[PDB]
Undergrad: 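Just dropping this structure here.
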Amino acid sequence: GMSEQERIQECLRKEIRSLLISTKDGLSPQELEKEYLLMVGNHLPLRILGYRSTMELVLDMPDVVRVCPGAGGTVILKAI
């Protein structure tokens, strides 16, 4: 039960890190949800994990994703 949820959390964390590692200089939160659907073949599991957005998801994994700035306060997400 709780063990199954931990393995969902581990699987997504590994998927996000793998996506951000494969890029040159990170992705915007919007580019990451697009890329996740394209490369994983499923949408980010936001609703089922209690997230309203990609930002909410990535802020819940600060050991996996680094929140970096850009032009006009835009966010670029990078793997750690």
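Counting begins at 1 with the first residue of the sequence.
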Undergrad: Nearest heavy-atom pair of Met55 and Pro29: which atoms, and what distance?
TA: SD-CG, 3.8 Å
Undergrad: Roughly how far, to the nearest 0.5 Å, is the CD atom of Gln30 from the OG atom of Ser53?
TA: 10.0 Å
Undergrad: Is it the case that the side chain of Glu56 and the backbone of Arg52 share a donor-acceptor pair, with hydrogens and angles ignored and the cut-off at 3.5 Å?
TA: yes
Undergrad: State which residues pass side-chain contact (heavy atoms from CB on, under 4.5 Å) with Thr74; sequence neighbours excluded, sorted by chain then number.
TA: none
Undergrad: When rounded to the nearest 0.5 angstrom, what is the spacing between OG in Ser28 and CG in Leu77?
TA: 7.5 Å
Undergrad: side-chain contact (heavy atoms from CB on, under 4.5 Å) between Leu49 and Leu44: does it pass, once the steps are laid out?
TA: CA-CA 10 Å; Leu49 298 179; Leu44 277 174; over 6 Å; no
Undergrad: Treating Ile, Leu, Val, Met, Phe, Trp and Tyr as nodes and any side-chain heavy-atom pair under 4.5 angstrom as an edge, say whether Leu37 and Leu46 lie in one connected cluster.
TA: no
Undergrad: Shortest non-hydrogen contact from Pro62 to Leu59?
TA: CD-O, 3.7 Å
Undergrad: Do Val65 and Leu20 have side-chain heavy atoms sitting under 4.5 Å apart?
TA: yes
Undergrad: What's the spacing between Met39 CE and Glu15 CD if we round to 0.5 Å?
TA: 12.5 Å
Undergrad: Which heavy atom of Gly26 sits nearest a heavy atom of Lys78, and at what distance?
TA: CA-CG, 3.9 Å
Undergrad: Working to the nearest 0.5 angstrom, can you tell me the gap between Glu35 CD and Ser22 OG?
TA: 6.5 Å
Undergrad: Using side-chain heavy atoms (C-beta onward) and a distance below 4.5 Å, is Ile16 in contact with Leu32?
TA: yes
Undergrad: Is there a side-chain contact between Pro45 and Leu12 (heavy atoms, below 4.5 Å)?
TA: yes
Undergrad: Is a side-chain N or O of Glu4 found less than 3.5 angstrom from the main chain of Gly1, in a donor-acceptor match?
TA: no
Undergrad: To the nearest 0.5 angstrom, please state how far the CD atom of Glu33 sits from the CG atom of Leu38.
TA: 11.5 Å
Undergrad: Which atoms form the tightest heavy-atom contact between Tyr36 and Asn42, and what is the distance?
TA: CD2-O, 3.2 Å
Undergrad: Might you point out which heavy atoms bring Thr23 and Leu19 nearest each other, and give the distance in Å?
TA: CG2-O, 3.4 Å
